[PDB]
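Asker:
Chains as they are written, first to last, in the entry's author numbering: chain L, 1 to 217; chain H, 1 to 220.
Dropping the structure here:
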């Protein structure tokens, strides 16, 4: 099996810049019949993969100017001139030269934009859920940058680590930001046993803990 | 327009079978080469199986002897008979066209989800999330929707049946001891809501679940 090592695993770039993505193969990859079936694919968040370059360097019609394919031997490079925001996503290399055919592990292209603070909002359990004996408090931390963010839940001042579910959207191609969701679930009986609920976040845009809270009052 | 549509993804117990189909439109199958490619939950792409314009069969090593691929150049339908399914087979399955001796995957479908697990099918609870009190006295308001405790993927979620789509964040589901939980927020102008209606629309096909929850202003 020909292995394909992508390099970089993650590629941060500011807009306007150029991006290079590399893919190296473990052995030669010329098909007996003389062609080199080396392809580049891109998958945008929420979408299917699509073809960008085929046979090393032939851009697929429909594909924007600024994408080029190159190389030979075992070294291959996808280049992006003038990175746009709609270019964000997963980049994959592929070879169809030697069975069994194989994909590289992919390279996540991330936009590099200005810092932006999360908008945080918090939600007490709904009436319906309490009814059932459950209690989920929710916190959204929306449209922020960069991705790295820390969130803790406090009950009555005291931290609480168990029963916390976290989830992040892919980078928004529309403003290049990230969003996050954080869910603290307890029992009804447990929830009613305390009064204060805080969603507490650290991010680089504040020198301070970002705090949202409420009382079961 | 070139178009491929995959159907038949489902949840299957380990050791069991499943047929996937894919309908081609905007073109004919005879000529082109045709395949299933899959993407694992760790975001790896793996070619699964192929068939050339000439009916030649190509399989990947992990699937040779369990899966079979086949086409119907009359109806323009590609099939994949999966057998002896393993957990490693859990993936979204994409069918795709190639231009023979040219290009492996120039057209891709939307994909169909396959889950191989002994976890049982569970319908989600859907909860409407209205603001507290402060997250509600400003330029904008943020509402949410919690979808809790379902299996397997996927679910669908929209707001106001899809007419409301700006300002939305729908979060990828996370799995917990055999249950998935997922959430969505939507952010609109303070003069949008409650003055108009905002409703979370959730569909979970595997459980035949179609349910709607309206955001109603809170506070006892």
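Every residue, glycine too, gets a C-beta built ideally from N, C-alpha and C.
Taking a Cβ distance cut-off of 9 Å, strictly less, list which residues of the stretch 169-195 of chain H are near chain L, in chain order.
Answerer: If the cut-off is 9 Å between Cβ atoms, the stretch 169-195 of chain H has 169, 170, 171, 172, 173, 174, 176, 181, 182, 183, 184, 185 and 187 near chain L.
Asker: Should residue 193 of chain L go down as buried or exposed, given a rule of 16 or more other Cβ atoms within 10 Å for buried?
Answerer: That one is exposed.
Asker: Do residue 151 of chain H and residue 122 of chain H come within 7 Å of each other at the CB atom, strictly closer than that value?
Answerer: Contact: yes.
Asker: Using a C-beta cutoff of 7 Å, does residue 50 of chain L count as contacting chain H?
Answerer: Cβ-Cβ to chain H under 7 Å: yes for residue 50 of chain L.
Asker: Can you check whether the C-beta of residue 103 of chain H is within less than 7 Å of a C-beta belonging to chain L?
Answerer: It does; some Cβ of chain L falls within 7 Å.
Asker: Taking 8 Å as the threshold, find out whether the stretch 117-126 of chain L comes into contact with the stretch 136-153 of chain L through three or more Cβ pairs.
Answerer: With the cut-off at 8 Å, the stretch 117-126 of chain L and the stretch 136-153 of chain L touch.
Asker: Mapping the DSSP letters down to three states, classify residue 45 of chain L as helix, strand or coil.
Answerer: It is coil, neither helix nor strand.
Asker: By alpha-carbon positions, which one of H:134, H:95, H:115 and H:214 ends up nearest to residue 122 of chain L?
Answerer: Looking at the Cα atoms, H:134 is the closest of the given residues.
Asker: Quick check on residue 171 of chain L - is its C-beta less than 7 Å from some C-beta in chain H?
Answerer: No, residue 171 of chain L lies away from the interface with chain H (no Cβ there is under 7 Å from its Cβ).
Asker: Could you confirm whether any beta carbon from chain H is found closer than 7 Å to the beta carbon of residue 178 of chain L?
Answerer: Chain H contact via Cβ: absent.
Asker: To be precise: take each residue of the stretch 82-96 of chain L, compare its Cβ to all Cβ atoms of chain H, and keep it if any distance is under 8 Å. Which residues remain?
Answerer: The residues in question are 90, 92, 94 and 96.
Asker: Strictly below 8 Å CB to CB, what residues from chain L border residue 45 of chain H?
Answerer: Ordered by position in chain L, the residues that pass the 8 Å Cβ test against residue 45 of chain H are 41, 49, 92, 94, 103 and 106.
Asker: Could you confirm whether any beta carbon from chain L is found closer than 7 Å to the beta carbon of residue 91 of chain H?
Answerer: No, residue 91 of chain H does not count as interfacial toward chain L.
Asker: Pull up the DSSP beta-bridge partners for residue 171 of chain L, would you.
Answerer: For residue 171 of chain L, which the question treats as bridged, DSSP gives no partner whatsoever.
Asker: At which residues does the alpha helix (DSSP H) containing residue 161 of chain L begin and terminate?
Answerer: That residue, residue 161 of chain L, is in no alpha helix (DSSP H); it is neither H nor E in DSSP.
Asker: With DSSP as the reference, label residue 75 of chain L as helix, strand or coil.
Answerer: Residue 75 of chain L falls in the strand class under three-state DSSP.
Asker: Kindly provide the ranges of any beta strand (DSSP E) runs that are 3 or more residues long and lie completely inside the stretch 73-110 of chain L, ordered along the chain.
Answerer: If we require 3 residues or more, the beta strand (DSSP E) runs fully inside the stretch 73-110 of chain L come out as 75-80 and 89-95.
Asker: Give me the Cα-Cα distance between residue 71 of chain L and residue 60 of chain H, rounded to the nearest whole angstrom.
Answerer: The alpha-carbon atoms of residue 71 of chain L and residue 60 of chain H are separated by roughly 27 Å.
Asker: Any Cβ of chain H within less than 7 Å of the Cβ of residue 126 of chain L?
Answerer: Interface residue, yes.
Asker: To the nearest angstrom, report how far apart residue 8 of chain L and residue 80 of chain H are at their CA atoms.
Answerer: Approximately 34 Å, taken between the alpha carbons.
Asker: What span of residues does the beta strand (DSSP E) with residue 79 of chain H cover, start to end?
Answerer: 77-82 is the extent of the beta strand (DSSP E) around residue 79 of chain H.
Asker: With 7 Å set as the bound, which would you pick, yes or no: does the beta-carbon of residue 165 of chain L sit closer than that to a beta-carbon of chain H?
Answerer: It does: the Cβ of residue 165 of chain L has a partner Cβ on chain H nearer than 7 Å.
Asker: Does DSSP put residue 188 of chain L in a helix, a strand or coil?
Answerer: In the structure shown, residue 188 of chain L sits in a helix (DSSP, three-state: H, G or I).
Asker: Pick helix, strand or coil for residue 116 of chain L, following the three-state DSSP scheme.
Answerer: Residue 116 of chain L: strand per DSSP, three-state reduction.
Asker: Would you say residue 36 of chain H reaches chain L, if we count a Cβ-Cβ gap shorter than 7 Å as a contact?
Answerer: Taking Cβ atoms only, chain L never reaches closer than 7 Å to residue 36 of chain H, which makes this a no.
Asker: In chain H, which residues lie with their C-beta within 8 Å of the C-beta of residue 54 of chain L?
Answerer: Within chain H, the residues near residue 54 of chain L are 102, 103, 104 and 106.
Asker: Can you pull the chain L residues whose beta carbon is under 8 Å from the beta carbon of residue 131 of chain H, in chain order?
Answerer: Here the neighbours are 121 and 123.
Asker: For residue 207 of chain H, collect the residues of the same chain with a Cβ closer than 6 Å to its Cβ; drop the 5 residues on either side in sequence, then sort them by chain order.
Answerer: Within the same chain, residue 207 of chain H has close Cβ partners 121 and 123.
Asker: Which residues in chain L sit within 8 Å of residue 142 of chain H, going by Cβ to Cβ distance?
Answerer: In chain order: 119, 121, 140 and 142.
Asker: Pick out whichever of H:153, H:180 and H:197 has its Cα sitting closest to the Cα of residue 160 of chain H.
Answerer: Residue 160 of chain H has its Cα closest to that of H:197, out of H:153, H:180 and H:197.
Asker: Give the C-beta separation of residue 68 of chain H and residue 92 of chain H to the nearest angstrom, bearing in mind that I take them to be a contact with Cβ-Cβ under 8 Å.
Answerer: Contact flag wrong, Cβ pair sits at about 20 Å.
Asker: I want to know whether the stretch 177-190 of chain L touches the stretch 147-159 of chain L - three or more CB-CB distances under 8 Å.
Answerer: Cβ pair count under 8 Å is three or more, so yes.
Asker: First and last residue of the beta strand (DSSP E) that includes residue 205 of chain L?
Answerer: Unbroken run through residue 205 of chain L: none, as it is neither H nor E.
Asker: Assuming residue 129 of chain L is part of the beta strand (DSSP E), what are its boundary residues?
Answerer: Careful: residue 129 of chain L lies outside any beta strand (DSSP E), inside the alpha helix (DSSP H) at 127-131.
Asker: Report, in whole angstroms, the separation of the C-beta atoms of residue 169 of chain L and residue 171 of chain H, which I expect to be a contact under 8 Å.
Answerer: Between residue 171 of chain H and residue 169 of chain L the Cβ distance is about 6 Å, and since that is below 8 Å, they are a contact.
Asker: Apart from the five residues on each side of it in sequence, which residues of its chain come closer than 7 Å, Cβ to Cβ, to residue 130 of chain L?
Answerer: The residues are 188.
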